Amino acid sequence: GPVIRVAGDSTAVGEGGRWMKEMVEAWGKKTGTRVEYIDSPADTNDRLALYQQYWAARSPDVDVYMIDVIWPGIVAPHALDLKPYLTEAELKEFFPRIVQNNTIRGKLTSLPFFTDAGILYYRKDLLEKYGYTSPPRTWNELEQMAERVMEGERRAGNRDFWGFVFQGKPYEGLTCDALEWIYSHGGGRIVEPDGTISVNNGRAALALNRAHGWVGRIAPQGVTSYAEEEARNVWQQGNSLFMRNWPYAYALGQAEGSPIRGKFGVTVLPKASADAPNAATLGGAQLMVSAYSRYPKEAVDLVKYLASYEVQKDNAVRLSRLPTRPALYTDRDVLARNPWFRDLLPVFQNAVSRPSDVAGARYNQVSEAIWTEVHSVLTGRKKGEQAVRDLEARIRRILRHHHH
């Protein structure tokens, strides 16, 4: 019979690729359907380029793709409309904001799979050791705590110890980190939902100068090459006070054999001042049936399975990844394993989106401009004032003649 082939997630990031292959194989066994899993590179912008080769070719060689939350506007032509396959009641079991995000010109491009938000990981043992009772609420507090704890841990002989790690590589992850910096300084959304390109302002410029000031000081010089996993590995070895990352890192840091098991918590990222908005960049993954799949019925069935309550529960319990079904946030087993799912729910609900709705199919070009200009601040090439001006100009060229 048919072989249903899935491209989604990556074995290069934590357990997500291994787990996804396990889920697809479970579906195959349950239904008596042959399946194959095609692996992907770690970074989402690299995954997009890979998948675009198949789409450009109208290739039937992948039936189901795991797509980023920023992609529906780009990928819609390549997606089978799922709307006729789901009842209104089935669709209402997901968060309506995510179903909306996935709907482009009426086409339900994909089912919500897991959501995501940037959060602050912190070493509770170290905060206690150095006389701190709570994680930092402001970026200045974060800098002060990092400097003090670094001074102490270095003096004690840990030459590998840093204050803060994050994603500073030039790729989509840096657009996420930078939106959080900019938005948490009251600098706006880079491109506002209405289309206004707002980034050329002093709050945005200050946010980027602040981030530059961390590099080689409280963060490694090499942070300008870090994606999720490079940051995670410094952190998980016990060598960073703080880390910005996504929910997946939590289960991995709690695993048996992790040096930091039981030594950390999570909270909302800091902000410039008490009246700035909290920033958590919205992330996550959706499940798309290929427009070019020869087996739409079977592929839909697989996507419904992967998006089901029990599969999302397993993702939550074993991989600490955020459900797209509100009902799971009240499930006793999800909450006993990840109590912070409840504590941080309002942070996840108020997550700030990158400008993928307003940029639509041009989002990847906009993001590349963002991460390249931001990276130029991190590397010391430009100051934040020049970078936000240059970024404004670049995005204006990209979006000229584009309307949402």
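Numbers for residues come from their place in the sequence shown, where the first is 1.
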| property | result |
| --- | --- |
| Mean C-alpha temperature factor, higher of 40-48 and 372-380 | 372-380 |
| Between 309-317 and 124-132 (mean CA B-factor, as deposited), the higher | 124-132 |
| Residue of maximum C-alpha B factor among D177, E298, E192, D81, per deposited coordinates | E298 |
| Candidate set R210, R203, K92, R332 [ranked by C-alpha B-factor, highest] | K92 |
| Third of the chain, ranked by Cα B-factor, where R337 sits | middle |
| Third of the chain's Cα B-factor distribution that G216 belongs to, per the entry | middle |
| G32, C-alpha B-factor rank within chain (lowest, middle or highest third) | highest |
| CA B-factor ranking of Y85, expressed as a third of its chain | highest |
| Third of chain Cα B-factors occupied by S59 | middle |
